[PDB]
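Step one of this worksheet: look at the structure below.
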Amino acid sequence: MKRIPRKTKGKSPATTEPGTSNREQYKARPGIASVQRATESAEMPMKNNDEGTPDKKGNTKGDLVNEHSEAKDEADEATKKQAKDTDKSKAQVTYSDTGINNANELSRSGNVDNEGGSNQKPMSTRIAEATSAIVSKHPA
Amino acid sequence: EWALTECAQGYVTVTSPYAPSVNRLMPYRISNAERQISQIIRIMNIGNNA
Amino acid sequence: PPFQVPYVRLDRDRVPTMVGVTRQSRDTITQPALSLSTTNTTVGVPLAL
């Protein structure tokens, strides 16, 4: 019997035949390590995007910002990261401040819930708010 | 966008998005009658006041 | 995996302009809920070179 640990928390005679010698006289071109380093980055799956979705309790995740503002901020973060990877002060490829007037662009954020209402107050808080306005207690 | 371009006589170009919007509210259009009424009031006090 | 949309060199009326995703079946009249991808002015996210 064998067991495998989880990666995520759960609910709880001569033999030297004449062709085996080694003459490592060949250098790959392009180099093996060089290609491996590049493809290592491309292996990685794209990042999760949890924002705007509910949690175990029912309250949505994210930050209370306008959707258009959130999209713009994400574009700026992308440009800054792009500059970071290219080892330059200013990114040559920019996702923000392009020619296109993308003023109607929206991005998913935690400001709005599934009903289309505002998350100024969390879902669970409103549910408790409503359900406690109707309870009754023992007589005097 | 159309109004601004015409006023600038074509020297300045401005752009607007072309996609489903969030249905904003920008109350900036009034009638020529109201504009003239406001202009007459403005003329009244400024008159004879250099 | 690649996700392309046909290239037309100069034909105008077949130029793509919008991409959307739908969760409802074809035989239901429901609330029109367009995906976020349709809000882009261009077909996709703008990128400057």
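Chains as they are written, first to last, in PDB author numbering: chain k, 1 to 12, 40 to 167; chain L, 480 to 529; chain K, 829 to 877. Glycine residues also receive a C-beta, built at the ideal position from the N, C-alpha and C atoms.
| query | result |
| --- | --- |
| Residue environment, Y122 (chain k), which counts as buried when at least 16 other CB atoms sit within 10 Å | buried |
| Per-residue contacts from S500 (chain L) into chain k (C-beta, under 8 Å) | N131 |
| Beta-carbon contacts of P844 (chain K) that lie in its chain and below 6 Å, excluding the five residues immediately before and after | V833, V871 |
| CB of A498 (chain L) within 9 Å of CB of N131 (chain k), strictly | yes |
| Cut-off 6 Å between Cβ atoms - residues of its own chain near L483 (chain L), not counting five sequence neighbours on either side | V493 |
| Opening and closing residue of the alpha helix (DSSP H) in which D112 (chain k) lies | 94-112 |
| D114 (chain k) at chain K interface by Cβ criterion, 9 Å | no |
| Identified DSSP bridge partners for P81 (chain k) | k:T87 |
| Simplified DSSP assignment, three categories, for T867 (chain K) | helix |
| Helix, strand or coil at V491 (chain L) according to DSSP, with G and I counted as helix | coil |
| Spatial neighbours of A105 (chain k) in its chain, beta-carbon cut-off 6 Å, leaving aside the 5 residues before and after | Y122 |
| Rounded Cβ spacing between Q109 (chain k) and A118 (chain k) (contact assumed at less than 8 Å) | 4 Å |
| Meets three-Cβ-pair contact criterion under 8 Å: the segment 508-523 of chain L and the segment 148-156 of chain k | no |
| Cross-chain neighbours of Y497 (chain L) in chain K, by beta carbon under 7 Å | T869 |
| The segment 90-98 of chain k / the segment 837-852 of chain K touching (three or more Cβ pairs under 8 Å) | no |
| Of the listed residues k:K115, k:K11, k:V120, k:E78, nearest to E97 (chain k) (C-alpha basis) | k:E78 |
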